[PDB]
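K.L.:
I'm passing along my_file26.cif; it holds mmCIF, N, CA and C atoms.
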data_protein
loop_
_atom_site.label_atom_id
_atom_site.label_comp_id
_atom_site.auth_asym_id
_atom_site.auth_seq_id
_atom_site.Cartn_x
_atom_site.Cartn_y
_atom_site.Cartn_z
N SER Z 1 150.29 168.77 68.79
CA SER Z 1 151.36 167.89 68.26
C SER Z 1 151.29 167.78 66.74
N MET Z 2 150.07 167.65 66.21
CA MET Z 2 149.85 167.54 64.76
C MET Z 2 149.38 168.87 64.18
N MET Z 3 149.94 169.22 63.02
CA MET Z 3 149.59 170.47 62.33
C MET Z 3 148.63 170.20 61.18
N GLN Z 4 147.67 171.11 60.99
CA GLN Z 4 146.67 170.98 59.93
C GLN Z 4 146.77 172.14 58.94
N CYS Z 5 146.35 171.88 57.70
CA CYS Z 5 146.38 172.89 56.63
C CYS Z 5 144.99 173.11 56.06
N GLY Z 6 144.70 174.37 55.70
CA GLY Z 6 143.40 174.72 55.14
C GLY Z 6 143.36 174.62 53.62
N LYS Z 7 144.14 175.48 52.96
CA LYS Z 7 144.21 175.51 51.49
C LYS Z 7 145.36 174.65 50.98
N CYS Z 8 145.08 173.85 49.95
CA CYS Z 8 146.08 172.96 49.35
C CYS Z 8 146.09 173.12 47.83
N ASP Z 9 147.26 173.50 47.29
CA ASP Z 9 147.45 173.70 45.84
C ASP Z 9 147.42 172.38 45.05
N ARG Z 10 148.01 171.33 45.63
CA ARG Z 10 148.07 170.01 44.99
C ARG Z 10 147.53 168.92 45.91
N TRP Z 11 147.04 167.83 45.30
CA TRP Z 11 146.49 166.70 46.05
C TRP Z 11 147.54 165.60 46.22
N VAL Z 12 147.64 165.07 47.45
CA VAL Z 12 148.61 164.01 47.77
C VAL Z 12 148.06 162.61 47.47
N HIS Z 13 146.77 162.39 47.77
CA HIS Z 13 146.10 161.10 47.55
C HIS Z 13 146.00 160.74 46.06
N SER Z 14 145.64 161.73 45.23
CA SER Z 14 145.51 161.54 43.77
C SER Z 14 146.85 161.24 43.10
N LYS Z 15 147.91 161.92 43.56
CA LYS Z 15 149.27 161.75 43.02
C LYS Z 15 149.87 160.37 43.39
N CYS Z 16 149.61 159.93 44.63
CA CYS Z 16 150.13 158.65 45.14
C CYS Z 16 149.34 157.45 44.61
N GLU Z 17 148.01 157.57 44.58
CA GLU Z 17 147.14 156.49 44.09
C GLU Z 17 146.37 156.91 42.85
N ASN Z 18 146.23 155.97 41.90
CA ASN Z 18 145.51 156.21 40.65
C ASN Z 18 144.67 155.00 40.25
N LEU Z 19 143.63 155.24 39.44
CA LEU Z 19 142.74 154.18 38.97
C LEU Z 19 142.98 153.90 37.49
N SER Z 20 142.80 152.64 37.09
CA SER Z 20 143.00 152.21 35.70
C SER Z 20 141.95 152.80 34.76
N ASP Z 21 142.34 153.03 33.50
CA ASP Z 21 141.46 153.61 32.47
C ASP Z 21 140.26 152.72 32.15
N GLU Z 22 140.46 151.39 32.19
CA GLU Z 22 139.40 150.41 31.89
C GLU Z 22 138.27 150.47 32.94
N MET Z 23 138.65 150.47 34.23
CA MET Z 23 137.68 150.52 35.34
C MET Z 23 136.98 151.88 35.43
N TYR Z 24 137.75 152.95 35.18
CA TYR Z 24 137.24 154.33 35.24
C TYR Z 24 136.21 154.61 34.13
N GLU Z 25 136.48 154.12 32.91
CA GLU Z 25 135.58 154.33 31.76
C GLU Z 25 134.27 153.55 31.87
N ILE Z 26 134.35 152.30 32.35
CA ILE Z 26 133.16 151.43 32.51
C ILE Z 26 132.24 151.91 33.65
N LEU Z 27 132.84 152.20 34.81
CA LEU Z 27 132.09 152.65 36.00
C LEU Z 27 131.50 154.06 35.86
N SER Z 28 132.26 154.99 35.29
CA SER Z 28 131.82 156.38 35.11
C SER Z 28 130.84 156.58 33.94
N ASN Z 29 131.07 155.86 32.83
CA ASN Z 29 130.24 156.01 31.63
C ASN Z 29 129.08 155.00 31.54
N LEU Z 30 128.80 154.24 32.62
CA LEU Z 30 127.70 153.26 32.59
C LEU Z 30 126.32 153.94 32.63
N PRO Z 31 125.27 153.36 31.95
CA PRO Z 31 123.91 153.93 31.95
C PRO Z 31 123.20 153.72 33.29
N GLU Z 32 122.64 154.82 33.83
CA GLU Z 32 121.95 154.81 35.14
C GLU Z 32 120.88 153.72 35.27
N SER Z 33 120.21 153.40 34.15
CA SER Z 33 119.17 152.37 34.14
C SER Z 33 119.76 150.96 33.97
N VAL Z 34 120.79 150.83 33.12
CA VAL Z 34 121.42 149.53 32.84
C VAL Z 34 122.21 149.02 34.05
N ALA Z 35 122.72 149.96 34.87
CA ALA Z 35 123.48 149.62 36.08
C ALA Z 35 122.63 148.87 37.10
N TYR Z 36 121.31 149.13 37.09
CA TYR Z 36 120.37 148.47 38.02
C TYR Z 36 118.96 148.44 37.43
N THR Z 37 118.37 147.24 37.37
CA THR Z 37 117.02 147.05 36.83
C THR Z 37 116.12 146.38 37.87
N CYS Z 38 114.90 146.91 38.00
CA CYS Z 38 113.92 146.38 38.95
C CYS Z 38 112.91 145.45 38.26
N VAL Z 39 112.51 145.83 37.04
CA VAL Z 39 111.54 145.05 36.25
C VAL Z 39 112.22 144.47 35.01
N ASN Z 40 111.88 143.21 34.69
CA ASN Z 40 112.44 142.52 33.53
C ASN Z 40 111.50 142.66 32.32
N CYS Z 41 112.09 142.99 31.17
CA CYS Z 41 111.32 143.16 29.93
C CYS Z 41 111.65 142.06 28.93
N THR Z 42 110.61 141.56 28.25
CA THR Z 42 110.75 140.49 27.25
C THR Z 42 111.28 141.01 25.91
N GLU Z 43 111.22 142.33 25.71
CA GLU Z 43 111.69 142.98 24.47
C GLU Z 43 113.22 142.90 24.32
N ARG Z 44 113.93 143.02 25.45
CA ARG Z 44 115.41 142.97 25.47
C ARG Z 44 115.94 141.56 25.15
N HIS Z 45 115.26 140.54 25.69
CA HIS Z 45 115.65 139.14 25.47
C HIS Z 45 114.43 138.30 25.11
N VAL Z 46 114.54 137.56 24.00
CA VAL Z 46 113.45 136.71 23.52
C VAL Z 46 113.97 135.30 23.19
N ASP Z 47 113.15 134.28 23.50
CA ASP Z 47 113.49 132.88 23.24
C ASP Z 47 113.07 132.46 21.84
N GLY Z 48 113.96 131.73 21.15
CA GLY Z 48 113.68 131.26 19.80
C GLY Z 48 114.25 129.89 19.54
N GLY Z 49 115.10 129.79 18.50
CA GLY Z 49 115.72 128.52 18.14
C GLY Z 49 117.03 128.27 18.87
N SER Z 50 117.69 127.16 18.52
CA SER Z 50 118.97 126.77 19.13
C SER Z 50 120.13 127.70 18.72
N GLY Z 51 120.00 128.33 17.54
CA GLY Z 51 121.03 129.23 17.04
C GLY Z 51 120.83 130.67 17.50
N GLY Z 52 121.71 131.56 17.04
CA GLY Z 52 121.63 132.96 17.41
C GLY Z 52 122.96 133.69 17.22
N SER Z 53 123.88 133.47 18.17
CA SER Z 53 125.22 134.09 18.14
C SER Z 53 126.05 133.64 16.93
N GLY Z 54 125.88 132.37 16.54
CA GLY Z 54 126.61 131.82 15.40
C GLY Z 54 127.93 131.16 15.80
N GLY Z 55 128.75 130.82 14.80
CA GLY Z 55 130.04 130.18 15.03
C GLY Z 55 131.06 131.09 15.72
N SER Z 56 131.07 132.37 15.34
CA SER Z 56 131.99 133.35 15.91
C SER Z 56 131.24 134.54 16.50
N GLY Z 57 131.85 135.17 17.52
CA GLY Z 57 131.25 136.32 18.18
C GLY Z 57 130.34 135.93 19.34
N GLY Z 58 129.56 136.91 19.82
CA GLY Z 58 128.64 136.67 20.92
C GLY Z 58 129.21 137.09 22.26
N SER Z 59 130.38 136.52 22.60
CA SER Z 59 131.05 136.83 23.86
C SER Z 59 132.46 137.37 23.61
N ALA Z 60 132.90 138.28 24.49
CA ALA Z 60 134.23 138.88 24.38
C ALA Z 60 135.18 138.31 25.43
N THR Z 61 136.44 138.14 25.04
CA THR Z 61 137.48 137.60 25.93
C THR Z 61 138.58 138.64 26.21
N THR Z 62 138.45 139.83 25.60
CA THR Z 62 139.43 140.92 25.77
C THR Z 62 139.27 141.65 27.12
N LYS Z 63 138.06 141.58 27.69
CA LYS Z 63 137.77 142.23 28.97
C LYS Z 63 137.90 141.24 30.13
N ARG Z 64 138.57 141.68 31.19
CA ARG Z 64 138.79 140.85 32.38
C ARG Z 64 137.90 141.30 33.55
N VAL Z 65 137.06 142.32 33.30
CA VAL Z 65 136.15 142.86 34.32
C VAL Z 65 134.72 142.37 34.05
N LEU Z 66 134.04 141.93 35.11
CA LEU Z 66 132.67 141.41 35.00
C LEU Z 66 131.71 142.18 35.90
N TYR Z 67 130.43 142.18 35.52
CA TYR Z 67 129.37 142.83 36.28
C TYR Z 67 128.70 141.82 37.20
N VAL Z 68 128.49 142.21 38.45
CA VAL Z 68 127.81 141.35 39.42
C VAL Z 68 126.76 142.16 40.18
N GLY Z 69 125.49 141.80 39.98
CA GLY Z 69 124.40 142.50 40.63
C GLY Z 69 123.40 141.56 41.26
N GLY Z 70 122.81 142.00 42.37
CA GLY Z 70 121.84 141.20 43.08
C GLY Z 70 122.36 140.69 44.41
N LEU Z 71 123.36 141.40 44.96
CA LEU Z 71 123.97 141.05 46.24
C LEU Z 71 123.29 141.81 47.38
N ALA Z 72 123.53 141.35 48.61
CA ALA Z 72 122.96 141.98 49.81
C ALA Z 72 123.77 143.21 50.22
N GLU Z 73 123.09 144.16 50.87
CA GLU Z 73 123.73 145.40 51.34
C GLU Z 73 124.83 145.12 52.39
N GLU Z 74 124.64 144.04 53.14
CA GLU Z 74 125.58 143.63 54.19
C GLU Z 74 126.81 142.87 53.64
N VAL Z 75 126.97 142.84 52.30
CA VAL Z 75 128.11 142.14 51.69
C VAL Z 75 129.31 143.09 51.52
N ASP Z 76 130.50 142.59 51.85
CA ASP Z 76 131.73 143.37 51.75
C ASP Z 76 132.59 142.89 50.58
N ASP Z 77 133.70 143.59 50.31
CA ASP Z 77 134.62 143.24 49.21
C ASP Z 77 135.23 141.85 49.41
N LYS Z 78 135.35 141.44 50.69
CA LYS Z 78 135.89 140.14 51.08
C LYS Z 78 134.95 139.01 50.66
N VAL Z 79 133.64 139.29 50.81
CA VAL Z 79 132.56 138.38 50.46
C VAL Z 79 132.53 138.12 48.94
N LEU Z 80 132.60 139.21 48.16
CA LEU Z 80 132.57 139.13 46.69
C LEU Z 80 133.83 138.45 46.14
N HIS Z 81 134.98 138.75 46.77
CA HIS Z 81 136.28 138.20 46.39
C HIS Z 81 136.37 136.69 46.67
N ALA Z 82 135.98 136.30 47.89
CA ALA Z 82 136.00 134.90 48.34
C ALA Z 82 134.93 134.03 47.66
N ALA Z 83 133.89 134.67 47.11
CA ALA Z 83 132.78 133.96 46.46
C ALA Z 83 133.12 133.63 45.01
N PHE Z 84 133.87 134.54 44.39
CA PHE Z 84 134.28 134.40 43.00
C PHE Z 84 135.74 133.95 42.85
N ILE Z 85 136.42 133.71 43.99
CA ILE Z 85 137.82 133.27 44.00
C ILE Z 85 138.01 131.81 43.48
N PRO Z 86 137.04 130.85 43.67
CA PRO Z 86 137.21 129.46 43.17
C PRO Z 86 137.39 129.35 41.65
N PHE Z 87 136.91 130.38 40.92
CA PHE Z 87 137.01 130.40 39.44
C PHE Z 87 138.40 130.83 38.96
N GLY Z 88 139.06 131.69 39.74
CA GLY Z 88 140.38 132.18 39.38
C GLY Z 88 140.89 133.26 40.32
N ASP Z 89 141.98 133.92 39.92
CA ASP Z 89 142.59 134.99 40.71
C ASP Z 89 141.88 136.32 40.46
N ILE Z 90 141.59 137.04 41.55
CA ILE Z 90 140.90 138.33 41.48
C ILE Z 90 141.85 139.44 41.94
N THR Z 91 141.78 140.58 41.25
CA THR Z 91 142.63 141.74 41.56
C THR Z 91 141.97 142.69 42.57
N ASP Z 92 140.84 143.32 42.17
CA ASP Z 92 140.13 144.27 43.05
C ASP Z 92 138.62 144.21 42.85
N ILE Z 93 137.89 144.59 43.91
CA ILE Z 93 136.42 144.64 43.90
C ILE Z 93 135.99 146.09 44.13
N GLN Z 94 135.12 146.61 43.26
CA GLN Z 94 134.64 147.99 43.40
C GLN Z 94 133.15 148.05 43.68
N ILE Z 95 132.79 148.88 44.66
CA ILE Z 95 131.40 149.07 45.08
C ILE Z 95 131.05 150.58 45.06
N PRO Z 96 130.28 151.07 44.03
CA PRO Z 96 129.89 152.50 43.94
C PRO Z 96 129.12 152.98 45.18
N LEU Z 97 129.86 153.59 46.11
CA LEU Z 97 129.29 154.09 47.36
C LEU Z 97 129.31 155.62 47.40
N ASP Z 98 128.18 156.21 47.80
CA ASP Z 98 128.05 157.67 47.90
C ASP Z 98 128.57 158.17 49.24
N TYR Z 99 129.25 159.33 49.23
CA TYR Z 99 129.80 159.94 50.45
C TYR Z 99 128.71 160.36 51.45
N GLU Z 100 127.58 160.80 50.90
CA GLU Z 100 126.43 161.27 51.69
C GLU Z 100 125.66 160.13 52.39
N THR Z 101 125.32 159.07 51.64
CA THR Z 101 124.56 157.94 52.18
C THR Z 101 125.45 156.80 52.67
N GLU Z 102 126.65 156.65 52.06
CA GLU Z 102 127.61 155.57 52.41
C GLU Z 102 126.93 154.18 52.45
N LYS Z 103 125.90 154.01 51.61
CA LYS Z 103 125.12 152.77 51.54
C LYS Z 103 125.34 152.04 50.21
N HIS Z 104 125.17 150.72 50.24
CA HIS Z 104 125.31 149.88 49.05
C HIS Z 104 123.93 149.53 48.50
N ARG Z 105 123.83 149.46 47.17
CA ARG Z 105 122.57 149.17 46.49
C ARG Z 105 122.43 147.70 46.05
N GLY Z 106 123.43 146.86 46.36
CA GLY Z 106 123.34 145.45 45.98
C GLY Z 106 123.97 145.11 44.63
N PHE Z 107 124.87 145.96 44.12
CA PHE Z 107 125.56 145.69 42.85
C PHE Z 107 126.99 146.21 42.86
N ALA Z 108 127.87 145.48 42.16
CA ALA Z 108 129.31 145.82 42.06
C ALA Z 108 129.94 145.15 40.83
N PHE Z 109 131.20 145.49 40.54
CA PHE Z 109 131.94 144.88 39.43
C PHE Z 109 133.15 144.14 39.98
N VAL Z 110 133.57 143.09 39.27
CA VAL Z 110 134.71 142.27 39.69
C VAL Z 110 135.82 142.29 38.63
N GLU Z 111 137.06 142.45 39.10
CA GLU Z 111 138.23 142.48 38.23
C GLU Z 111 139.02 141.18 38.35
N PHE Z 112 139.18 140.48 37.23
CA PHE Z 112 139.92 139.22 37.20
C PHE Z 112 141.29 139.39 36.55
N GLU Z 113 142.32 138.85 37.21
CA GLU Z 113 143.70 138.92 36.71
C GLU Z 113 143.85 138.12 35.40
N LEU Z 114 143.11 137.01 35.30
CA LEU Z 114 143.12 136.16 34.11
C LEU Z 114 141.82 136.29 33.34
N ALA Z 115 141.95 136.40 32.01
CA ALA Z 115 140.80 136.54 31.11
C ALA Z 115 140.02 135.22 30.94
N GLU Z 116 140.73 134.08 31.09
CA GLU Z 116 140.11 132.75 30.95
C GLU Z 116 139.15 132.43 32.10
N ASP Z 117 139.55 132.80 33.33
CA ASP Z 117 138.72 132.59 34.53
C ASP Z 117 137.48 133.49 34.48
N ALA Z 118 137.66 134.68 33.86
CA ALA Z 118 136.59 135.67 33.72
C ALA Z 118 135.43 135.12 32.89
N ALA Z 119 135.77 134.48 31.76
CA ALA Z 119 134.79 133.86 30.87
C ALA Z 119 134.15 132.65 31.55
N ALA Z 120 134.94 132.02 32.44
CA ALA Z 120 134.50 130.85 33.21
C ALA Z 120 133.46 131.23 34.27
N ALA Z 121 133.69 132.38 34.93
CA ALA Z 121 132.78 132.90 35.96
C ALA Z 121 131.41 133.27 35.38
N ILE Z 122 131.42 133.83 34.16
CA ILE Z 122 130.18 134.23 33.46
C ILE Z 122 129.36 133.01 32.98
N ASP Z 123 130.05 131.93 32.58
CA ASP Z 123 129.37 130.72 32.09
C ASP Z 123 128.90 129.79 33.22
N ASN Z 124 129.44 129.98 34.43
CA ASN Z 124 129.09 129.13 35.57
C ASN Z 124 128.06 129.75 36.52
N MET Z 125 128.19 131.05 36.83
CA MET Z 125 127.26 131.70 37.77
C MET Z 125 126.66 133.00 37.21
N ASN Z 126 126.22 132.96 35.94
CA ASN Z 126 125.59 134.12 35.28
C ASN Z 126 124.28 134.52 35.98
N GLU Z 127 123.52 133.51 36.41
CA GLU Z 127 122.25 133.71 37.11
C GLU Z 127 122.10 132.66 38.21
N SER Z 128 122.80 132.90 39.32
CA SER Z 128 122.80 132.00 40.47
C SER Z 128 122.41 132.73 41.75
N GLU Z 129 122.03 131.96 42.78
CA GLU Z 129 121.63 132.53 44.07
C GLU Z 129 122.84 132.62 45.02
N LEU Z 130 123.15 133.85 45.42
CA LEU Z 130 124.26 134.13 46.33
C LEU Z 130 123.77 134.99 47.49
N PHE Z 131 124.10 134.57 48.73
CA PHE Z 131 123.70 135.28 49.97
C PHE Z 131 122.17 135.31 50.17
N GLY Z 132 121.46 134.45 49.41
CA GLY Z 132 120.01 134.38 49.49
C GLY Z 132 119.30 135.21 48.43
N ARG Z 133 120.08 135.80 47.51
CA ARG Z 133 119.53 136.63 46.43
C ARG Z 133 120.05 136.17 45.07
N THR Z 134 119.30 136.50 44.01
CA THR Z 134 119.69 136.14 42.63
C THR Z 134 120.69 137.17 42.09
N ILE Z 135 121.76 136.68 41.46
CA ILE Z 135 122.80 137.57 40.92
C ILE Z 135 122.97 137.38 39.40
N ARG Z 136 123.47 138.44 38.75
CA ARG Z 136 123.71 138.42 37.30
C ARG Z 136 125.15 138.81 37.02
N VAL Z 137 125.82 138.07 36.14
CA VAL Z 137 127.21 138.39 35.79
C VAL Z 137 127.40 138.43 34.27
N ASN Z 138 128.08 139.48 33.80
CA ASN Z 138 128.37 139.69 32.38
C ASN Z 138 129.68 140.47 32.20
N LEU Z 139 130.15 140.58 30.95
CA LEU Z 139 131.39 141.32 30.65
C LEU Z 139 131.18 142.83 30.81
N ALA Z 140 132.10 143.47 31.54
CA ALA Z 140 132.04 144.91 31.80
C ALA Z 140 132.94 145.68 30.83
#
So, in terms of structure tokens, how does the structure I just supplied come out?
P.N.:
Amino acid sequence: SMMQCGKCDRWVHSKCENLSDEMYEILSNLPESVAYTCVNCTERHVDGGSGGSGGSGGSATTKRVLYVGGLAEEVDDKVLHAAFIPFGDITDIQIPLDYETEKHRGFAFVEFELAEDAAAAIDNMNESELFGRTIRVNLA
């Protein structure tokens, strides 16, 4: 009843669906080590005085995508969306999954429709316990 084809000159899925330049550049060009860390180093972050960032700068508001790591393997896109939904409206959740293993490593990125809620999510749950594990959130 159904006919199948072997060789295909053009792709139907790629033509019909496409990914944004912002999500593609951040996810594809991310550092293999920075994407996931097992041991914490004091050299990267050090405690000092009350100042540091200053009056201007420090945090960016131009990006609406945030990094979220430290989740459980049994967590789905629905879980990440519904957990970060109280802060604002969310567009899409991406989880780097391999075709061979089809397994999750406990980290993903979140896309926020509003830039104000995005900055709110980072200031409220930057280092909080979710699903029984510690998570980290920052600008992507």
K.L.:
Counting only C-alpha atoms, note down every residue that has an atom within 12 Å of the point (123.5, 150.8, 43.4) (file coordinates), as JSON, numbers by chain.
P.N.:
{"Z": [27, 30, 31, 32, 33, 34, 35, 36, 37, 38, 68, 69, 70, 71, 72, 73, 94, 95, 96, 97, 98, 101, 102, 103, 104, 105, 106, 107, 108, 109]}
K.L.:
Quick check on the file I pasted: which residues fall under the PyMOL selection byres ((chain Z and resi 110-127) around 5)? Write them as a PyMOL selection string.
P.N.:
chain Z and resi 64-67+87+89-92+108-109+128-129+135-137
K.L.:
Interatomic distance between CA of residue 133 in chain Z and CA of residue 46 in chain Z?
P.N.:
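Separation between CA of residue 133 in chain Z and CA of residue 46 in chain Z: 23.7 Å.
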K.L.:
Please compute the CA of residue 24 in chain Z-CA of residue 93 in chain Z distance, one decimal, in Å.
P.N.:
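Between these atoms lies a distance of 13.0 Å.
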K.L.:
Grab the CA of residue 131 in chain Z to CA of residue 81 in chain Z distance for me, in Å with one decimal place.
P.N.:
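Between these atoms lies a distance of 13.4 Å.
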K.L.:
Please return as a list in words: the residues of range 13-110 of chain Z that backbone DSSP assigns to alpha helix (DSSP H).
P.N.:
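Filtering range 13-110 of chain Z down to alpha helix (DSSP H) leaves residues 13, 14, 15, 16, 21, 22, 23, 24, 25, 26, 27, 28, 77, 78, 79, 80, 81, 82, 83 and 84 of chain Z.
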K.L.:
Please report, as a PyMOL selection string, each residue of chain Z to which DSSP assigns strand (DSSP E) when run on this structure's backbone.
P.N.:
chain Z and resi 65-69+90-94+107-112+127-130+133-139
K.L.:
Next, write the just-selected residues to a file, as a short mmCIF file (atom, residue, chain, number, x, y, z; two decimals), in the coordinates of the input, keeping N, CA and C atoms as the atom set.
P.N.:
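File written: part-v6.cif
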data_model
loop_
_atom_site.label_atom_id
_atom_site.label_comp_id
_atom_site.auth_asym_id
_atom_site.auth_seq_id
_atom_site.Cartn_x
_atom_site.Cartn_y
_atom_site.Cartn_z
N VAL Z 65 137.06 142.32 33.30
CA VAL Z 65 136.15 142.86 34.32
C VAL Z 65 134.72 142.37 34.05
N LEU Z 66 134.04 141.93 35.11
CA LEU Z 66 132.67 141.41 35.00
C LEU Z 66 131.71 142.18 35.90
N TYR Z 67 130.43 142.18 35.52
CA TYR Z 67 129.37 142.83 36.28
C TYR Z 67 128.70 141.82 37.20
N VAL Z 68 128.49 142.21 38.45
CA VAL Z 68 127.81 141.35 39.42
C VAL Z 68 126.76 142.16 40.18
N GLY Z 69 125.49 141.80 39.98
CA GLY Z 69 124.40 142.50 40.63
C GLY Z 69 123.40 141.56 41.26
N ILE Z 90 141.59 137.04 41.55
CA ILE Z 90 140.90 138.33 41.48
C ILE Z 90 141.85 139.44 41.94
N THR Z 91 141.78 140.58 41.25
CA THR Z 91 142.63 141.74 41.56
C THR Z 91 141.97 142.69 42.57
N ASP Z 92 140.84 143.32 42.17
CA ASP Z 92 140.13 144.27 43.05
C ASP Z 92 138.62 144.21 42.85
N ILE Z 93 137.89 144.59 43.91
CA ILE Z 93 136.42 144.64 43.90
C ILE Z 93 135.99 146.09 44.13
N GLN Z 94 135.12 146.61 43.26
CA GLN Z 94 134.64 147.99 43.40
C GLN Z 94 133.15 148.05 43.68
N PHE Z 107 124.87 145.96 44.12
CA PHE Z 107 125.56 145.69 42.85
C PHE Z 107 126.99 146.21 42.86
N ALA Z 108 127.87 145.48 42.16
CA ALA Z 108 129.31 145.82 42.06
C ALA Z 108 129.94 145.15 40.83
N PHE Z 109 131.20 145.49 40.54
CA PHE Z 109 131.94 144.88 39.43
C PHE Z 109 133.15 144.14 39.98
N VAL Z 110 133.57 143.09 39.27
CA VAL Z 110 134.71 142.27 39.69
C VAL Z 110 135.82 142.29 38.63
N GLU Z 111 137.06 142.45 39.10
CA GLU Z 111 138.23 142.48 38.23
C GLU Z 111 139.02 141.18 38.35
N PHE Z 112 139.18 140.48 37.23
CA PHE Z 112 139.92 139.22 37.20
C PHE Z 112 141.29 139.39 36.55
N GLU Z 127 123.52 133.51 36.41
CA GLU Z 127 122.25 133.71 37.11
C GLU Z 127 122.10 132.66 38.21
N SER Z 128 122.80 132.90 39.32
CA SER Z 128 122.80 132.00 40.47
C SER Z 128 122.41 132.73 41.75
N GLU Z 129 122.03 131.96 42.78
CA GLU Z 129 121.63 132.53 44.07
C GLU Z 129 122.84 132.62 45.02
N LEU Z 130 123.15 133.85 45.42
CA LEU Z 130 124.26 134.13 46.33
C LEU Z 130 123.77 134.99 47.49
N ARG Z 133 120.08 135.80 47.51
CA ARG Z 133 119.53 136.63 46.43
C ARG Z 133 120.05 136.17 45.07
N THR Z 134 119.30 136.50 44.01
CA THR Z 134 119.69 136.14 42.63
C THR Z 134 120.69 137.17 42.09
N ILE Z 135 121.76 136.68 41.46
CA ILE Z 135 122.80 137.57 40.92
C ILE Z 135 122.97 137.38 39.40
N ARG Z 136 123.47 138.44 38.75
CA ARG Z 136 123.71 138.42 37.30
C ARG Z 136 125.15 138.81 37.02
N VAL Z 137 125.82 138.07 36.14
CA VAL Z 137 127.21 138.39 35.79
C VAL Z 137 127.40 138.43 34.27
N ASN Z 138 128.08 139.48 33.80
CA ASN Z 138 128.37 139.69 32.38
C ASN Z 138 129.68 140.47 32.20
N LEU Z 139 130.15 140.58 30.95
CA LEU Z 139 131.39 141.32 30.65
C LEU Z 139 131.18 142.83 30.81
#
K.L.:
Report the centre and edge lengths, in Å to one decimal, of an axis-aligned box enclosing every atom of range 104-123 of chain Z listed in the file, padded by 6 Å on each side, as JSON.
P.N.:
{"center_x": 133.1, "center_y": 140.3, "center_z": 40.6, "size_x": 33.4, "size_y": 32.9, "size_z": 31.4}
